[PDB]
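Q: The following block contains the structure, expressed as structure tokens.
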Amino acid sequence: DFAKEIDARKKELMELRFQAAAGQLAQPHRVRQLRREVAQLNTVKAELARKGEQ
Amino acid sequence: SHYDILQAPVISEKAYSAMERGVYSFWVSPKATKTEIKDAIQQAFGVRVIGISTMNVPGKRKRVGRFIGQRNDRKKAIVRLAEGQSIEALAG
RNA sequence: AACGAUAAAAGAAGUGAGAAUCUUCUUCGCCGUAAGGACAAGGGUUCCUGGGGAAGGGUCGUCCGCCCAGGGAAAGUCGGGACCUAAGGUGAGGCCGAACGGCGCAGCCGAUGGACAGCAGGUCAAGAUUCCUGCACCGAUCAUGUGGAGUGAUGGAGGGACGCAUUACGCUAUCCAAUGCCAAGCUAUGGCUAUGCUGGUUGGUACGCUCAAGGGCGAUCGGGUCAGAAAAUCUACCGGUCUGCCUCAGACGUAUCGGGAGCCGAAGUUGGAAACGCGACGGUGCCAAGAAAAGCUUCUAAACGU
RNA sequence: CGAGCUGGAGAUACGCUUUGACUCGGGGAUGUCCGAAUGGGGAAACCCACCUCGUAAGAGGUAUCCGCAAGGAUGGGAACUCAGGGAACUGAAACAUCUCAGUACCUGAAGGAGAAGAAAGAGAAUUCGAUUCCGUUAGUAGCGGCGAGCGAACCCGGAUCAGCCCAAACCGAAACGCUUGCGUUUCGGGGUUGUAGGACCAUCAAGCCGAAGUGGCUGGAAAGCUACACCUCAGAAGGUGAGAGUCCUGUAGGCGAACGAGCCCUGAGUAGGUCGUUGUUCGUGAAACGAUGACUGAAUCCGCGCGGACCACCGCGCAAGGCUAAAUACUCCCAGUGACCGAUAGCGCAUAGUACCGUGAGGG
Ligand SMILES: [Mg+2]
Ligand SMILES: [Mg+2]
Ligand SMILES: [Mg+2]
Ligand SMILES: [Mg+2]
Ligand SMILES: [Mg+2]
Ligand SMILES: [Mg+2]
Ligand SMILES: [Mg+2]
Ligand SMILES: [Mg+2]
Ligand SMILES: [Mg+2]
Ligand SMILES: [Mg+2]
Ligand SMILES: [Mg+2]
Ligand SMILES: [Mg+2]
Ligand SMILES: [Mg+2]
Ligand SMILES: [Mg+2]
Ligand SMILES: [Mg+2]
Ligand SMILES: [Mg+2]
Ligand SMILES: [Mg+2]
Ligand SMILES: [Mg+2]
Ligand SMILES: [Mg+2]
Ligand SMILES: [Mg+2]
Ligand SMILES: [Mg+2]
Ligand SMILES: [Mg+2]
Ligand SMILES: [Mg+2]
Ligand SMILES: [Mg+2]
Ligand SMILES: [Mg+2]
Ligand SMILES: [Mg+2]
Ligand SMILES: [Mg+2]
Ligand SMILES: [Mg+2]
Ligand SMILES: [Mg+2]
Ligand SMILES: [Mg+2]
Ligand SMILES: [Mg+2]
Ligand SMILES: [Mg+2]
Ligand SMILES: [Mg+2]
Ligand SMILES: [Mg+2]
Ligand SMILES: [Mg+2]
Ligand SMILES: [Mg+2]
Ligand SMILES: [Mg+2]
Ligand SMILES: [Mg+2]
Ligand SMILES: [Mg+2]
Ligand SMILES: [Mg+2]
Ligand SMILES: [Mg+2]
Ligand SMILES: [Mg+2]
Ligand SMILES: [Mg+2]
Ligand SMILES: [Mg+2]
Ligand SMILES: [Mg+2]
Ligand SMILES: [Mg+2]
Ligand SMILES: [Mg+2]
Ligand SMILES: [Mg+2]
Ligand SMILES: [Mg+2]
Ligand SMILES: [Mg+2]
Ligand SMILES: [Mg+2]
Ligand SMILES: [Mg+2]
Ligand SMILES: [Mg+2]
Ligand SMILES: [Mg+2]
Ligand SMILES: [Mg+2]
Ligand SMILES: [Mg+2]
Ligand SMILES: [Mg+2]
Ligand SMILES: [Mg+2]
Ligand SMILES: [Mg+2]
Ligand SMILES: [Mg+2]
Ligand SMILES: [Mg+2]
Ligand code: NA
């Protein structure tokens, strides 16, 4: 399911990128926030790798 | 995956007249190929692709501040769909 | 001093603060196997659009290959790679050497060569065998059907596979003439009233009991082990065995998709010329004796089935 | 740590932050492509694959040499160390020996150092006691076309000092080797030398806490002038509108974290020799000794090597097996300091290996 959680931020980042290429990018911060949420969402995966499996 | 292969739509008076033909034009990450670029377009927008063409494009060599500049480097791809010619309608 | 070839330039009109130099019009002179056009190397946005005017431009500059910004670059079929080999470069093993290193079989890399499927048009300001329209071709996977069985290799054979000069026949590109056709209008200067003048006068594809130079080819049954590693129903050797088949270059007709001077679309004739291109790997002569590999065609080995 | 932050960046929009941001100290996790590059190819950063994961998207592997295997190596370093190679200008007022110099350079190996190191030594006292470094000996002894010139060591004074284990004589094997309780190499015990021994037999970190001044005057502005004070384990320094002990940062001093770094034997193709050579002061000299390139080739403790041809005596030492910290060198990097520079100086650069030049190496 974590891939499902990731690609939603991906698609919003894509359509938001399109909007930036056009005439409307009124909240630039929503960009890097979404990128944050991807990094976090992957970093958490790393913590379930070594945990449990040892 | 597919979302971040697509770069940003071309905004060109030529590209927008092609918008009226069912033709769609947008930049992509240059190291991608046609096969994956097509399944990306059609995973994303839900539409059959019947025609792809692609072209590497050098970055223009602009100069700011009297420090000589560099290139930028892109790969515009043009695509023709089936008769189901919709995208998001977001054309203008 | 020079302002980079002695191929001249003139007028009108425009834009602008500003003009011998920028734009337009009408003339003039210069190249025309070029000083026109299409590519390869190489250059790297110089391309198109809109702006600018410091510096760059041998003067000027409203302009520029200069500066700023935005666009433009599309391929199953073109060129290269996912195919092949040449010189050369590499090169496990191997041969050498105070060290670093030097040679080197197979193999590998390496196009300047081999192999390989598309042609006609339209057209952005800026791309075209790439996009679009018309109509093809090539490989691969699958499905339906005919077929209802043999496929047939990192190995064998054929073949690809090649010189120079000269030259017979036929043809197209392409070029010329005309009282052929088609289109448009006019004419004065002294004349012509059109038999004058000007211009255009076919590309691709599909189908022909159509005309057609030229060009390619012998063909099986069997013997031998000692030949191609063995195999072999394929090759090579040897012995028996009887003009004709194929191919269309190109032309012609019919149809169709285009293009076509021009004010949407006319005509598409007869006569002549003619390639180094095509038919083709033709013919003849000559000595200095004119790559290799894959693709391609043919055979079994193994295996898989029947 | 306790209010800011959103790199230089100086330009706005957008936000983030007292449930602690930003910044600092310390760990993790991501880590495209090239590059020893290592799946195969290659004109670096691009082309082309295969195998298991297999739902895909994505992940993991696929070089060679060492080794059963773990596990190791390949490449990169300013200078410093050791080694294999090894110049020439030059001086000799010419030039051969000689010097320059085992200097430069090339190559190999390694580390924070390295090399060397535990006496078959030095040496002349029957002294000494591993190696390295410094002082001195001493430019003495010597070497030398006895020319130019080159040039030790011992004693003594310092820096630091540590000594250690294997081979083998004999036990016990096991495996293999043959006419019958033996001898080729492994594994344990044992055993390691010259006054001969041994066997067998009796604190630094990120940081936190930190004393003491006010009025008038000149002036654009106080830190200067002035007048009265105050701290001082703190008058080092920098900032602040001009010169500040008492305005700020600090200073003396004090504290200071989860994870954080840091001391019968005793070695043989040898010792020794002849031929070529060479190293130390050693240039064939009366030329010992070590060193190998070629050919030969011993002895055991009443034995072996040396003491500068050689002999006797008298002395010193046990070769042919290994390891070994520290005193030494250097400066890419960091800190402090300076009778060092301060914009033609100082590094080439107040930053740039840039612009620019070159096909390049390279210069700049
Ligand atoms: Mg296409
Ligand atoms: Mg001149
Ligand atoms: Mg004019
Ligand atoms: Mg005017
Ligand atoms: Mg002016
Ligand atoms: Mg002129
Ligand atoms: Mg002009
Ligand atoms: Mg006009
Ligand atoms: Mg031309
Ligand atoms: Mg080019
Ligand atoms: Mg180009
Ligand atoms: Mg132009
Ligand atoms: Mg223009
Ligand atoms: Mg322009
Ligand atoms: Mg100007
Ligand atoms: Mg300017
Ligand atoms: Mg000018
Ligand atoms: Mg392409
Ligand atoms: Mg096509
Ligand atoms: Mg090709
Ligand atoms: Mg090849
Ligand atoms: Mg070769
Ligand atoms: Mg070689
Ligand atoms: Mg070629
Ligand atoms: Mg072809
Ligand atoms: Mg046009
Ligand atoms: Mg053009
Ligand atoms: Mg065309
Ligand atoms: Mg002819
Ligand atoms: Mg006539
Ligand atoms: Mg005519
Ligand atoms: Mg057959
Ligand atoms: Mg006709
Ligand atoms: Mg081959
Ligand atoms: Mg802070
Ligand atoms: Mg700032
Ligand atoms: Mg590689
Ligand atoms: Mg590699
Ligand atoms: Mg690997
Ligand atoms: Mg000389
Ligand atoms: Mg001299
Ligand atoms: Mg000499
Ligand atoms: Mg040196
Ligand atoms: Mg070196
Ligand atoms: Mg090294
Ligand atoms: Mg001493
Ligand atoms: Mg001060
Ligand atoms: Mg005071
Ligand atoms: Mg011994
Ligand atoms: Mg000897
Ligand atoms: Mg000798
Ligand atoms: Mg002499
Ligand atoms: Mg002697
Ligand atoms: Mg000796
Ligand atoms: Mg003596
Ligand atoms: Mg000074
Ligand atoms: Mg300077
Ligand atoms: Mg100056
Ligand atoms: Mg320099
Ligand atoms: Mg250059
Ligand atoms: Mg250059
Ligand atoms: Na007339």
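So basically every Cβ, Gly included, is an ideal-geometry build from the backbone, and we count neighbours across all protein chains shown. What follows is calculated from the coordinates using simple rules that are stated; it is not laboratory data.
Q: Work out how much length B:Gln70 to B:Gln42 would gain on full extension: take 0.36 nm times their residue separation and subtract the Cα-Cα distance, in nm to one decimal.
A: Computed gain between B:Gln70 and B:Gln42 is 6.7 nm.
Q: Let me ask something else about it. What Kirkwood hydrodynamic radius, in Å, does chain B give when the mean of 1/r is taken over all pairs of distinct Cα atoms and then inverted?
A: Result for chain B, one decimal place: 14.2 Å.
Q: Taking amide hydrogens as modeled 1.01 Å from N in the peptide plane, which residues meet the under 5 Å criterion relative to B:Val57, leaving out close sequence neighbours?
A: B:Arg74, B:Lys75, B:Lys76
Q: Taking only Cα atoms of the stretch B:31-75, what ratio of Rg to Rh do you get with Rh as the Kirkwood inverse-distance radius?
A: Radius of gyration over Kirkwood radius for the stretch B:31-75 works out to 1.24.
Q: Continuing with this model, one more query. Step through the table entries B:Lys31/B:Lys75; B:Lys38/B:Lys75; B:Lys34/B:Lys62; A:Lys11/B:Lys38; A:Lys4/B:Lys34; A:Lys4/B:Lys31, compare each Cα-Cα distance with 19 Å, and write down the pairs that go over it.
A: The answer is B:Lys34/B:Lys62; A:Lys4/B:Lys34; A:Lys4/B:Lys31.
Q: Based on the Cβ-Cβ distance of B:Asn56 and A:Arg50, what FRET efficiency does E = 1/(1 + (r/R0)^6) give at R0 = 35 Å, to the nearest 0.05?
A: Calculated transfer efficiency: 0.25.
Q: Taking amide hydrogens as modeled 1.01 Å from N in the peptide plane, which residues meet the under 5 Å criterion relative to B:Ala8, leaving out close sequence neighbours?
A: B:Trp27
Q: For a label point 7 Å from the Cα of A:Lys10 along Cα→C-beta, name the residues of the stretch A:32-54 whose backbone N is under 17 Å from it.
A: Answer for this model: A:34-46.
Q: Based on Cβ point charges of +1 for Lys and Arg and -1 for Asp and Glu, what charge dipole magnitude is obtained for chain A about its Cα centre, in debye rounded to the nearest 20?
A: 180
Q: Rounded to whole Hz and in sequence order, give me ³J(HN,Hα) for the stretch A:40-54 from the Karplus expression 6.51 cos²θ - 1.76 cosθ + 1.60, θ = phi - 60°, writing x for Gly and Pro.
A: Computed from phi, the couplings for the stretch A:40-54 are 3, 5, 7, 4, 5, 4, 4, 6, 8, 6, 4, 5, x, 5, 6 Hz.
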